[PDB]
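Spelled out from the first residue to the last, the chains are:
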Amino acid sequence: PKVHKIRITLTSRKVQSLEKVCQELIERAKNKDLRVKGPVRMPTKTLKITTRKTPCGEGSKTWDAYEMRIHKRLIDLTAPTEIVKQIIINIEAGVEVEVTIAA
Amino acid sequence: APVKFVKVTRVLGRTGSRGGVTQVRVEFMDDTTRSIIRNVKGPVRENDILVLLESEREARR
Amino acid sequence: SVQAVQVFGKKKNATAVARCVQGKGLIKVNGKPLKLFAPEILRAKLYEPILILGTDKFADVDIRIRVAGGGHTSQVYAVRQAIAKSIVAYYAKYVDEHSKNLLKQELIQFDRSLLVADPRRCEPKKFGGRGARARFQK
Amino acid sequence: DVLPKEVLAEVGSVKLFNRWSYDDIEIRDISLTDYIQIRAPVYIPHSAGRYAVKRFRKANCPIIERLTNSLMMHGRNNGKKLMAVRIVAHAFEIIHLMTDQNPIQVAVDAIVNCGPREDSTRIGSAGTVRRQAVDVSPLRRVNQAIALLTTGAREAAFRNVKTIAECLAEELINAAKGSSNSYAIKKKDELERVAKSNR
Amino acid sequence: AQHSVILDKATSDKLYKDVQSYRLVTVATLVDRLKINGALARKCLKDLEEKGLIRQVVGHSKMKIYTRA
Amino acid sequence: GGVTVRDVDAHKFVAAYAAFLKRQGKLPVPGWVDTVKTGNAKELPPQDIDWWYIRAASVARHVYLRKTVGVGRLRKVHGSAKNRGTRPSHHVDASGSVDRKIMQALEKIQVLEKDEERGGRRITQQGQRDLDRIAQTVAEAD
Amino acid sequence: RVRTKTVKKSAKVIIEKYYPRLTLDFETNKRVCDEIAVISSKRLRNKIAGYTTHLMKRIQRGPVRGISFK
RNA sequence: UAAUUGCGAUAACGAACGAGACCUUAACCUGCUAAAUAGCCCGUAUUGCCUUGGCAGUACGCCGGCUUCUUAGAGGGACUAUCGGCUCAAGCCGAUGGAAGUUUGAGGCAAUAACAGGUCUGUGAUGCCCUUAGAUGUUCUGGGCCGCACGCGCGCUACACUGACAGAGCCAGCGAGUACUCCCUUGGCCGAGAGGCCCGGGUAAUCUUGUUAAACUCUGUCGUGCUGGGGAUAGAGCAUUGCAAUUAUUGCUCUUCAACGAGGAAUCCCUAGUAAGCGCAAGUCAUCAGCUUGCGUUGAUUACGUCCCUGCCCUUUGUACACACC
Ligand SMILES: [Mg+2]
Ligand SMILES: [Mg+2]
Ligand SMILES: [Mg+2]
Ligand SMILES: [Mg+2]
Ligand SMILES: [Mg+2]
Ligand SMILES: [Mg+2]
Ligand SMILES: [Mg+2]
Ligand SMILES: [Mg+2]
Ligand SMILES: [Mg+2]
Ligand SMILES: [Mg+2]
Ligand SMILES: [Mg+2]
Ligand SMILES: [Mg+2]
Ligand SMILES: [Mg+2]
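Residues numbered from 1 in each chain as written, not as in the entry; some residues may be left out. Chains lettered and ligands numbered in written order. Part of a larger assembly, values for the part shown. Heavy atoms only, no water.

In the PDB archive, cryo-EM is given as the structure determination method for this entry, at a resolution of 2.9 Å.

By the naming in the PDB entry, chain G goes by 40S ribosomal protein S17-like protein and is assigned to Chaetomium thermophilum var. thermophilum DSM 1495. Readers searching the PDB will find this entry under the title "Thermophilic eukaryotic 80S ribosome at idle POST state".

This is how the line gets drawn: UniProt positions are given in the numbering used here, feature names are shortened, and annotations may be inferred rather than shown by experiment.
Per the PDB entry, chain B is named 40S ribosomal protein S28-like protein, and its organism is Chaetomium thermophilum var. thermophilum DSM 1495. What UniProt states about chain B under its Sequence similarities (unreviewed entry) heading is, verbatim, "Belongs to the eukaryotic ribosomal protein eS28 family."

Rendered as structure tokens:
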């Protein structure tokens, strides 16, 4: 049982679904008497595309701005290697998760 | 020239074809009994003081 | 322990964070003293919080300020705001506010903008700032 | 210590300009007060005010600020207020040596004298003009006086060996009295003359 | 219209007998009535400065003004 | 009391440091003077004859205040706008050789040294105290 | 600054259903409204609270037509 | 009243769309939840100067403390509240407080009925007609779309001293970035210059990047002369991109030094961080932005109106018009 000081990164487009994942994940580890470090707030990355409305070029000239936003909220923990497998189970749609032992 | 000083006591609408001119009621501030009607070109508030080169012209309406 | 309080002043995009520590009457901004950090003609807009109040009221105060972002004249408006906020915040915490209320009332009577910021930003538009392109035949 | 030795000279006395005090203001006329603001002194004119939100809010503003802003025009000089403040300060020194009076003493009398008192208004006559020769409000008088003084200096210094520092200075002393050889006086009397005809 | 880049005795004497009465002396003034070039006017400006006849009021990279002593 | 670089006006300090290096009289010169443009954006060589020496004094002044600097950073620090003709102007950087050799020659004067641990050039133990000593030449000059 | 029918109609029913529970104070009336009503916007709730406290100020001096409470 | 927004009157009563509500964003929180891919105080080590006890920097801490500044979550905050003056009412005008009092500021979405508006050259959406092996299919070589006595539109650079040139001083924000092949690029050396070579970082709040941009500020030179204002036109040389640069792709050095002195009749845009000045990022992209979509810096003059011109909405009224005053 050797601690490896794990770190977990998250990504999703929704904002409400992602937040409650961390809320239950921190509680799933806190009750197990594990020293947990806070849910840092990474910058939101917004990317946009602008294009002209008309498909032929006639008439007045008008554009529209599409948008897309991403949030991260990465988390890290100090725990053994095998225990962390059972703590990240039962995740819902939308949120993507990446595991790093950070040994 | 016997230039006279007057002070504004009331503003009465905006006249003119394009609203540039305004119509005010003035007070001679030396003989408080007399009062006439004049026209002014610029922005005007109550208790403003105006200078009159001649005091016998009056104005329409 | 040591008596200190932190205040900040803002402009369009100029942030001036300041820490006032009980000292001996020394004021320096970005390391350099007040002799340097300003355009020569704009140096006048830095001393007002002192003359209106008096140098005798800066007997044992030390101030260090770090400022970044914005422009030349925007920055000097931020730092002059931090000086006013530093002296009034330190007085509230550690000494009777009879000075502070007298400090606050006198300071804003000369100029309200010394203690409060002016909210102003730009507006995006699809023609430029606010004007459109030229028309051919109306 | 923390302040330069120069400013320690004035801190003991009443607050004032770089050199000149706003005390001993003229007693010459009426109807021009309440629109030229000198009760609140300013060290340097430059200020980020809120004078363009209401009707008469800009009436409560130092005249030097009003003069300084109007000095920068004609495309090239847009937003270059730092240059304008330097010109005003240097011009104020030039007039001081040629006349023992205060530089603001000259500037105030220049404005109060070059403001037209009557003007002709445009009333349609189906292609003709029924100029009625209306009166002028005090606020417009000071606003138009500033424009006349500044545009005269800007015209003279164009393609001239002289600089705007003293071209502006020489007009103010000219406009202090009835010199009649200044740009402002030439236009002011011309406007009043045509108004009399259309009475 | 054109001025003189060199200073002769006909112009040198003009300085030392007339500048004692000037209220202001500037680059424009010398080019105006002395009919001399601006470069010479600046040269004439600094040489007499140390001679102790005029005093500086304000100094700047744009304009310079001097008055009586 | 004690003074440092930050305690003196920048314009007179660099001028003062130009005067000191006259009396020391030991700064390498590679013959580039009187021919170089000091920048692609420009058109005329510098007017003042001892421009190679006044620039070095100012260059060593900011390295005293900056932690790591290289030739590339100084190339664009000294750049300015270029008149491309009738097209709108842009921003281009200064010459590389001028700024590179002015600090390569400044290496052997024992003013600042290399920083191979992470890159760039930093100020040396005895280099920084030399520029501190000339500060008192200006502060009490008052 | 004129209030529409949704603000005015909703204010009428609140006053007659719960007259004594809310008073001339604007701050207290703000907390009365959200407990006894379903409002989907904070700004909409503020406007409703603003009008109902205005109505009772003139109620204090004589009744007004269009209003009836027990 | 910004509004068929309301107060109300009423042969009408009760309702459905549009407006408003609403959604994104810009301004406020020393209160909550926090953070070595964001900072500060503090403690070690260490440097210079006064020496004091000081002042200004360096490197380290990973449970030493903390969250004002940075960051994104949960919520709070304005309702015209309070005060004074008009009115029966809906409401309007001024002041005080306050981060904020025009619907707080700026946007997204947006009804019925229509036009012979634009698009078959966006679509493997599509009727009919046409050509289909000497092809209107596809593909390879070469050229053209840029050809110039002339008229018109959207822009760029200027006619200088409120300027040009030379040294020094020195302040932003929104964004983009590595494959089955190199995409943004720090540092070192060589090189007048543009460029070249060798290690290396970053799939990115971690590296480029503090993108120390331009205008601007201080000190000098030139001196009103179309002159050191202005950079069109043209010769020669050295380089980079690509399979290929001539009808020059673009970039750098030397030389050539045109018109143009504030512009006729006419005419476009605009109300506060707004006009104008100046630069940066992205889009198209092997290379080329004087164009567009966004970002910040500096920052004003003038109105707080009217229906006179060019037009819009509702009512009364006239008509020989209904393809509707062309
Ligand atoms: Mg735009
Ligand atoms: Mg703009
Ligand atoms: Mg344009
Ligand atoms: Mg331009
Ligand atoms: Mg809105
Ligand atoms: Mg073509
Ligand atoms: Mg590699
Ligand atoms: Mg970093
Ligand atoms: Mg020429
Ligand atoms: Mg590009
Ligand atoms: Mg195009
Ligand atoms: Mg009839
Ligand atoms: Mg009919």
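There's more to say after this.
### As for the interface of chain B and chain D
Often, the extent of an interface is quoted as the loss of accessible area on bringing the components together. Spelled out, the test is: Any two residues having at least one pair of non-hydrogen atoms within 4.5 Å are treated as being in contact. Once two parts are brought into contact, the accessible area they lose, counted with a 1.4 Å probe and summed over both, makes up the buried area. Salt bridges are identified by distance alone: a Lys or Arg side-chain nitrogen within 4 Å of an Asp or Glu carboxyl oxygen. Secondary structure elements follow DSSP: runs of H or I no shorter than four residues count as helices, runs of E no shorter than two count as strands, and numbering proceeds from the N terminus.
Contacts between the two partners involve 21 residues from chain B and, on the opposite side, 25 residues from chain D. Roughly 2,100 Å² is buried in total at the junction of chain B and chain D, and carbon and sulfur atoms are behind 54% of that figure. Counting the contacts that link chain B with chain D gives 5 salt bridges. Measuring nitrogen to oxygen at the nearest pair gives 2.7 Å for the salt bridge that ties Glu118 of chain D to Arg57 of chain B. For the side of chain B that touches chain D, the element with the highest residue contribution is strand β4 (residues 49-52) of chain B, accounting for 4 residues.

### A look at the sheet that holds strand β4 (residues 32-33) of chain C
Residues and elements named next belong to chain C. Spelled out, the test is: A pair of strands is considered paired only if DSSP assigns at least 2 bridges between the two. Lines are fitted to the C-alpha atoms to define the axes, a helix being fitted only along its stretch in contact, and any angle between axes, read from their N-to-C directions, falls within 0 to 180 degrees.
Taken in spatial order, the 5 strands line up as β1-β2-β5-β3-β4 in an open sheet, and their pairing is mixed. Only two strands of the sheet have a single neighbouring strand rather than two, namely β1 (4-10) and β4. Strand contacts of helix α2 (residues 72-94): β1, β2 (15-22), β3 (26-29) and β5 (61-68), with the helix running at about 150 degrees to β1, the strand carrying the most contacts.

### Points about the interface of chain F and chain C
As a reminder of what qualifies: The definition of a polar contact used here is a pair of N or O atoms within 3.5 Å, where within protein one atom must be able to donate a hydrogen and the other to accept one, and adjacent residues in sequence count solely through side-chain atom pairs. Each residue gets one label: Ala, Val, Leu, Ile, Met, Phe, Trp, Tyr, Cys and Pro are nonpolar, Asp, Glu, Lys and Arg are charged, and the others, such as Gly, are polar.
Each partner contributes residues to the interface: chain F has 5 residues there, and chain C has 4 residues. Interface area lost by chain F to chain C is led by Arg6, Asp7 and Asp9 of chain F, which between them contribute 87%. Summed over the shared surface of chain F and chain C, the result is 0 salt bridges. There are 0 residue pairs in polar contact connecting chain F and chain C. Residue composition of the side of chain F that touches chain C, by class: 2 nonpolar, no polar and 3 charged.

### Re the sheet that holds strand β4 (residues 75-76) of chain A
Pairing between sheet strands relies on hydrogen bonds along the backbone, with the strands arranged either parallel or antiparallel. Residues and elements named next belong to chain A. What the 3 strands build is an open sheet, ordered β4-β1-β5; its pairing is antiparallel. Whereas interior strands pair on both sides, the edge strands pair on one side only; in this sheet they are β4 and β5 (96-100). With 5 bridges joining them, strand β1 (residues 7-11) and β5 adopt antiparallel strand pairing. Bridge pairing links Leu10 to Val97 in β5.

### With respect to the arrangement of the chains
Sorting the 5 pairs of chains in contact by contact count puts chains B and D at the top. Between chain B and chain F there is no contact, and the shortest C-alpha to C-alpha separation is 43 Å. In this assembly chain C lies apart from chain G, the nearest approach of their C-alpha atoms being 23 Å.

### A word on helix α3 (residues 97-110) of chain C
Residue and element names in this part refer to chain C. Inclusion rule: Expected helix span is given by 1.5 Å per residue-to-residue step, counting one fewer step than there are residues. Relative accessible area decides the class of each residue, using a 1.4 Å probe on protein chains only: under 20% of the type maximum gives buried, over 50% gives exposed, and in between gives partly exposed. Starting at the helix axis, one direction is taken to each C-beta atom, and the arc is that of these directions.
Here α3 contains 14 residues, and its C-alpha end-to-end distance of 20 Å stays within 8% of the 20 Å for a straight helix at 1.5 Å per residue. For α3, the complete set of buried residues consists of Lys100, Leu103 and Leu107. Angular distribution of buried residues about the axis of α3 spans 65 degrees; they occupy a single face of the element. The exposed set on the far side of α3, more than 90 degrees from its buried face, consists of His98 and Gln109. At its buried positions, α3 is contacted by α2.

### Regarding the protein's contact with RNA strand H
To keep things clear, this is the line we draw: Think of it this way: one heavy atom of a residue within 4 Å of a molecule or strand is enough to make that residue near it.
The immediate surroundings of RNA strand H are formed by 182 residues, with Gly79 of chain D together with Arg6, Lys42, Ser89 and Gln125 of chain F found nearest. Here RNA strand H approaches the protein such that, of its atoms within 4 Å, sugar and phosphate make up 79%. One of the side-chain N or O atoms of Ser97 of chain F is found 2.8 Å from a phosphate oxygen in RNA strand H. Within the side chain of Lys47 of chain G, one N or O atom sits 2.6 Å away from a phosphate oxygen of RNA strand H. Among the elements that line the surface near RNA strand H, the one with the most residues is helix α3 (residues 42-59) of chain G, at 8 residues. Residues that form the surface near RNA strand H fall into these classes: 40 nonpolar, 67 polar and 75 charged.

### Some details on the side chain of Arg141 of chain D
Quick note on the threshold: When charges are tallied, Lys and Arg are placed among the positive residues and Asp and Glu among the negative ones, while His and the ends of the chain are skipped.
By the secondary structure assignment, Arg141 of chain D is in helix α5 (residues 138-157). No salt bridge is formed by the buried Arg141 of chain D. Its closest oppositely charged neighbour is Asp29 of chain D, at 5.9 Å. Contact partners of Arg141 of chain D, with chain neighbours within four places excluded, come to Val51 of chain B together with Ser31, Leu32, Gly115, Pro116, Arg117 and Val136 of chain D.

### Considering the packing of α5 of chain D against helix α7 (residues 183-197) of chain D
Residue and element names in this part refer to chain D. As a reminder, the rule being used: Should an angle fall under 35 degrees it is called roughly parallel, over 145 degrees roughly antiparallel, and 65 to 115 degrees roughly perpendicular, with every other angle called oblique.
In the contact formed by α5 and α7, the axes pass within 8 Å of each other and the chain directions differ by 135 degrees. Our classification of the angle between α5 and α7 gives oblique. Between α5, through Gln144, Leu148, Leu149, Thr151 and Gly152, and α7, the contact on the second element is made entirely by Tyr183, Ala184, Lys187 and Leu191. Taken together, the residues of the contact of α5 with α7 break down into 5 nonpolar, 3 polar and 1 charged.

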